[PDB]
Amino acid sequence: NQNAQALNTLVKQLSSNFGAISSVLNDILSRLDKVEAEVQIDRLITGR
Amino acid sequence: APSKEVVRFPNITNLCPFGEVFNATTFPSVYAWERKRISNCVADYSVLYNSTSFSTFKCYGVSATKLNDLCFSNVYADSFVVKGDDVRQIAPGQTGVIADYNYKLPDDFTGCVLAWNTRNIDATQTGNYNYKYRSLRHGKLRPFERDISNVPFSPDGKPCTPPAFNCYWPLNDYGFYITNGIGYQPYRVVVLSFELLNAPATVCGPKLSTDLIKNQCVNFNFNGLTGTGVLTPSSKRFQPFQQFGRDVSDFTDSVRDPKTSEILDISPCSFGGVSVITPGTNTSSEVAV
Amino acid sequence: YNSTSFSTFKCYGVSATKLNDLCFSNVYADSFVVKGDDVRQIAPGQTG
Amino acid sequence: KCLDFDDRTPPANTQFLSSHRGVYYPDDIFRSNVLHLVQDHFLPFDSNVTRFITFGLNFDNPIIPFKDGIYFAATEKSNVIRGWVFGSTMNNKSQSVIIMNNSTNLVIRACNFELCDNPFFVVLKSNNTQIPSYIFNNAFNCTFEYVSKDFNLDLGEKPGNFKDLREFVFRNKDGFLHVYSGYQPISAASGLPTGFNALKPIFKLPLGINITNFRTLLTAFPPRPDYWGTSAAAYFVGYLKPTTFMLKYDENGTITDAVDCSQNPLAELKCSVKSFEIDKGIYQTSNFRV
Ligand SMILES: *[C@@H]1O[C@H](CO[C@@H]2O[C@@H](C)[C@@H](O)[C@@H](O)[C@@H]2O)[C@@H](O[C@@H]2O[C@H](CO)[C@@H](O[C@@H]3O[C@H](CO)[C@@H](O)[C@H](O)[C@@H]3O)[C@H](O)[C@H]2NC(C)=O)[C@H](O)[C@H]1NC(C)=O
Ligand SMILES: *[C@@H]1O[C@H](CO)[C@@H](O[C@@H]2O[C@H](CO)[C@@H](O[C@@H]3O[C@H](CO)[C@@H](O)[C@H](O)[C@@H]3O)[C@H](O)[C@H]2NC(C)=O)[C@H](O)[C@H]1NC(C)=O
Ligand SMILES: *[C@@H]1O[C@H](CO)[C@@H](O[C@@H]2O[C@H](CO)[C@@H](O[C@@H]3O[C@H](CO)[C@@H](O)[C@H](O)[C@@H]3O)[C@H](O)[C@H]2NC(C)=O)[C@H](O)[C@H]1NC(C)=O
Ligand SMILES: *[C@@H]1O[C@H](CO[C@@H]2O[C@@H](C)[C@@H](O)[C@@H](O)[C@@H]2O)[C@@H](O[C@@H]2O[C@H](CO)[C@@H](O)[C@H](O)[C@H]2NC(C)=O)[C@H](O)[C@H]1NC(C)=O
Ligand SMILES: *[C@@H]1O[C@H](CO[C@@H]2O[C@@H](C)[C@@H](O)[C@@H](O)[C@@H]2O)[C@@H](O[C@@H]2O[C@H](CO)[C@@H](O)[C@H](O)[C@H]2NC(C)=O)[C@H](O)[C@H]1NC(C)=O
Ligand SMILES: *[C@@H]1O[C@H](CO[C@@H]2O[C@@H](C)[C@@H](O)[C@@H](O)[C@@H]2O)[C@@H](O[C@@H]2O[C@H](CO)[C@@H](O)[C@H](O)[C@H]2NC(C)=O)[C@H](O)[C@H]1NC(C)=O
Ligand SMILES: *[C@@H]1O[C@H](CO)[C@@H](O[C@@H]2O[C@H](CO)[C@@H](O)[C@H](O)[C@H]2NC(C)=O)[C@H](O)[C@H]1NC(C)=O
Ligand SMILES: CCCCC/C=C\C/C=C\CCCCCCCC(=O)O
Ligand SMILES: CCCCC/C=C\C/C=C\CCCCCCCC(=O)O
Ligand SMILES: *[C@@H]1O[C@H](CO)[C@@H](O)[C@H](O)[C@H]1NC(C)=O
Ligand SMILES: *[C@@H]1O[C@H](CO)[C@@H](O)[C@H](O)[C@H]1NC(C)=O
Ligand SMILES: *[C@@H]1O[C@H](CO)[C@@H](O)[C@H](O)[C@H]1NC(C)=O
Ligand SMILES: *[C@@H]1O[C@H](CO)[C@@H](O)[C@H](O)[C@H]1NC(C)=O
């Protein structure tokens with residue numbers, strides 16, 4: 001159960017914004033150009 | 001790696017009413033600003049290039065260079081006229097007479113602000129006093145809320161009659177003259193507000209749709225939401241007000257086709273563990289996988 | 001609001017919408033005149 | 001013209017509980033087989049709801065404050081409740097919006113209404129025909145107008161218990177009046193039936209109006225051309241508060257249950273562990289908050 005729960009919480013943590021406008025990479029890359037997208041994606045990369 | 005491109009936008013044939021909004025014959029006062037809904041059209045704003053020059057163009061929540069590749073939900077255009085000095089107040093987080101008592105933008109505004117000088121038509125040699133703004137009010141307006149009441153104002157907050165010494169009418173008239181300075185010249189402002197990638201949309205950028213390819217890794221663009229994945233038929237039943245579906249990870253895992261209304265599941269292209277067995281690079285360059 | 005119209009109004013270290021709810025320490029007002037082109041220079045980090 | 005009902009018993013403002021009603025869909029994203037935590041303006045579980053009735057000498061249509069959005073339930077059997085007026089001053093000095101079923105269309109109009117102090121529709125028991133009535137005396141600054149597709153409402157008093165429970169949630173935010181709605185068949189003689197029913201979005205009106213008060217629109221049943229009467233109907237009003245809810249999406253993607261995290265320590269524990277089922281034991285919860 002501990003192993004399964006660790007993996008499942010890892011999966012669920014992908015939904016957490018880390019100070020970024022959204023946790024969905026595709027949404028960010030669809031709305032924002034290279035620079036602002038880079039800022040948001042850097043936040044997401046740090047969090048993940 | 002994806003090999004093909006799928007683009008699915010809804011059946012839209014008409015151009016958006018750029019001439020009706022940005023080229024209207026009359027504009028409201030800022031205190032009585034008017035809102036107009038926009039739907040079922042192509043937002044090919046390059047047509048504006050030949051007709052309109054914008055002193056101010058600022059977009060929030062979206063990059064200016066992505067507008068051509070998106071579809072917009074709940075599109076509204078708010079139109080009014082202000083002073084040149086007051087144009088800076090049409091933006092989130094501002095203070096001043098306009099942002100306090102006439103027109104307030106939300107902190108989380110998504111959309112764009114366009115302003116352009118209108119001295120030639122909105123100003124006269126004799127002075128045009130048709131445009132107004134509220135100069136006194138008991139408290140500040142809430143975002144996107146309107147107050148067109150005209151009742152006498154008293155700073156003590158009691159019923160009022162104009163003659164009394166502590167009594168003022170709360171609406172002031174802009175005086176727009178031809179010989180005015182740039183800060184006292186009329187500017188027409190259009191605020192476009194919309195949501196982008198969370199609901200059905202009927203206003204779309206000028207893009208060409210392709211055939212729906214299924215069971216193949218593709219680069220897809222559904223109503224402006226881009227990604228890479230494999231599309232399959234879905235058993236999910238979306239409500240009419242739902243356009244996208246998300247899993248526990250917030251990944252967009254389903255979508256309703258804009259044209260056929262079919263529900264399609266989206267899956268990642270990459271999958272499966274791989275390992276490499278080697279006897280040592282010095283011994284050999286042959287590997288097993 | 002009734003007397004002055006400001007071409008430029010920029011606040012640093014504080015949000016314009018909170019000014020009504022604060023008390024200010026050691027308040028000073030520096031006053032001068034410049035060219036229109038030079039107004040942009042009245043800001044931190046400028047050169048000219 | 002505007003008619004006044006004389007010798008009306010004052011509203012009693014009887015109090016009941018809301019049980020688990022008032023939940024609506026927080027967004028437009030499809031979800032299924034998932035527990036979703038969301039903070040928003042919800043009606044807290046088992047909150048106080050005020051009842052207003054039309055029966056006998058009671059014609060309860062007072063001005064009720066809006067506060068931060070409301071939940072409005074209607075228990076009826078003869079379609080007595082027809083709509084609402086939302087506004088601030090409830091007169092022609094400010095903008096108001098009327099939402100009403102006039103027995104053939106749904107009409108939403110935002111103008112400067114010279115609202116009648118006693119606005120109502122009129123239905124004749126003799127042959128169940130609605131007669132033209134007055135909801136307002138005048139209107140001149142209309143900013144929003146909407147008329148739906150034609151239909152036919154079933155007029156006429158009916159016997160038995162209340163059969164229809166119609167629920168609405170009204171929320172004014174960022175210049176939009178959000179209206180969520182839901183229907184339920186009931187067989188209740190009186191009171192607000194206990195249960196759960198997720199409300200779906202039906203309107204997002206771009207009104208941009210300052211809304212602080214509202215008054216329900218009802219229909220009177222005059223027995224004679226100069227006297228006023230009433231048929232049985234009831235409605236209930238409750239107030240939304242900012243709070244955190246854990247919603248449950250089932251296989252078809254419908255909200256079938258919810259937990260109000262602030263109701264009691266057990267609900268807080270359920271929201272923290274993200275599950276409707278808690279095992280036996282002792283669990284640390286939030287420190288005592290005031
Ligand atoms: C806005 O509405 C007011 C009336 O007051 C409003 O409506 C009521 C039904 C209530 O809901 C009030 O709370 C609400 O404020 C209009 O003022 C009224 O105008 C009428 C028509 O001109 C006046 O009638 C006249 O009054 C006198 C005698 O009393 C004589 O001149 C005439 O014989 C005639 O009866 C009425 O007095 C006046 N006041 C009231 C209290 O009704 C107001 O005109 C309207 N504003 C508009 C239409 O712009
Ligand atoms: C809301 O409704 C009120 C009441 O009808 C409107 O006020 C009215 O506006 C008209 C049009 O501007 C005014 O007419 C003009 O008024 C002056 C009189 O000196 C002058 O410009 C013209 O000769 C003409 O008569 C009218 O006086 C005014 N009425 C009142 C009682 O104030 C108001 O405009 C409406 N608001 C909106 C936002 O539509
Ligand atoms: C929506 O409209 C209502 C009704 O017009 C507004 O309520 C009004 O709010 C003002 C400002 O807060 C109140 O005036 C002030 O009240 C006290 C004394 O009562 C004091 O701060 C000042 O001297 C001044 O008088 C006013 O009383 C109040 N009116 C009512 C009937 O409650 C409300 O502000 C509007 N909301 C928005 C968001 O614009
Ligand atoms: C959107 O339109 C398409 C295409 O149908 C029309 O004819 C095309 C040649 C072109 O002129 C389009 O713009 C027209 O709308 C409809 O697609 C239908 O469905 C199948 C796939 O299931 C498609 O391959 C066929 O071409 C179409 N068959 C028909 C129209 O009989 C689609 O249904 C339209 N969607 C909406 C919401 O109106
Ligand atoms: C909710 O309201 C009740 C009172 O409702 C009473 O019963 C109804 C059936 C109807 O007859 C109403 O008119 C009655 O008033 C509150 O219950 C009491 O509230 C008072 C005042 O705060 C309190 O002192 C008492 O202890 C409460 N208990 C009883 C048994 O009456 C209740 O507090 C209200 N809820 C909230 C959150 O305010
Ligand atoms: C909703 O889906 C169900 C099947 O899913 C189960 O029941 C749901 C209500 C919900 O509890 C899920 O988590 C469950 O897994 C459908 O139920 C059947 O629907 C058919 C018609 O399609 C009907 O004839 C059957 O009686 C239903 N009952 C069973 C036990 O299968 C239900 O129809 C779906 N709702 C719709 C289609 O509106
Ligand atoms: C309910 O209201 C609607 C909308 O006002 C009425 O239908 C309108 O009637 C007016 C006045 O005759 C017409 O000018 C409009 O064209 C109608 N609009 C429609 C049909 O969409 C309808 O008659 C009303 N029903 C009643 C009073 O019973
Ligand atoms: C009284 C002079 C000294 C300053 C007082 C103390 C602290 C700062 C207070 C207010 C700063 C805002 C000044 C007015 C500019 C905004 C008005 C407008 O946008 O038109
Ligand atoms: C000499 C031309 C090529 C540039 C030289 C190399 C690098 C960049 C050097 C300087 C940039 C500033 C130019 C002057 C503008 C600032 C002066 C002002 O604010 O008035
Ligand atoms: C608005 O449209 C008319 C008609 O096409 C055109 O002549 C005019 O130039 C447009 N607006 C302006 C400000 O010129
Ligand atoms: C742009 O406007 C000019 C001036 O009216 C006109 O001659 C020209 O044809 C227009 N071009 C397009 C592409 O509309
Ligand atoms: C604002 O200034 C005008 C123009 O001088 C004057 O008439 C009015 O009384 C002033 N209002 C206040 C509230 O000081
Ligand atoms: C119903 O009764 C009213 C009231 O007398 C009458 O006007 C009408 O003609 C009757 N019949 C109908 C509406 O079919």
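Side-chain atoms are counted along with the backbone in the values below, which use heavy atoms only and exclude waters and symmetry mates. Atoms within a ligand are numbered from 1 in the order they appear, just like the ligands themselves. Proteins get letters first, then strands, A, B, ... in listed order; numbering begins at 1 in each.
- Interface atoms of ligand 10 facing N23(B), defined by a heavy-atom separation under 4.0 Å, are 1 (C), 2 (O), 3 (C), 8 (C), 10 (C), 11 (N), 12 (C), 13 (C).
- Look at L115(D) and you'll find a heavy atom under 4.0 Å from some atom of ligand 1.
- With hydrogens and angles ignored, the 3.5 Å screen pairs a side-chain donor or acceptor of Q89(B) with a backbone N or O of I98(B).
- Tested against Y174(B), the residues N130(B), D86(B), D122(B), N128(B) include a single side chain to side chain donor-acceptor pair (under 3.5 Å) partner, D86(B).
- Under the 6.0 Å distance and 45° angle rule, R134(B) does not count as a cation-pi partner of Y101(B).
- Those atoms of ligand 1 with a heavy atom of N92(D) less than 4.0 angstrom away are 1 (C), 2 (O), 3 (C), 43 (C), 45 (C), 46 (N), 47 (C), 48 (C).
- Counting only heavy atoms, the protein gets under 4.0 Å from atom 14 (O) of ligand 11.
- Panel note: side chain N172(D), backbone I209(D); a donor-acceptor pair is recorded below 3.5 Å.
- Nearest to atom 9 (O) of ligand 11 among the protein's heavy atoms is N50(B) ND2, 4.8 Å.
- Within 4.0 Å of atom 5 (O) of ligand 11, not a single protein heavy atom is present.
- The cationic group of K204(D) lies under 6.0 Å from the six-membered ring centre of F176(D) and within 45° of the ring axis, placing it in a cation-pi geometry.
- Atom 11 (N) of ligand 11 lies below 4.0 Å from at least one non-hydrogen atom of the protein.
- Residue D78(B) forms a side chain to side chain donor-acceptor pair (under 3.5 Å) with just one option from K36(B), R146(B), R35(B), and that option is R35(B).
- Near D117(D), with a cut-off below 4.0 Å to any heavy atom, the atoms of ligand 1 are 10 (C), 11 (O).
- In this structure, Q185(B) and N180(B) approach most closely via the heavy-atom pair NE2-O, 2.9 Å.
- Short contacts between ligand 1 and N91(D), defined as distances under 4.0 Å to a heavy atom of the residue, involve ligand atoms 14 (C), 15 (O).
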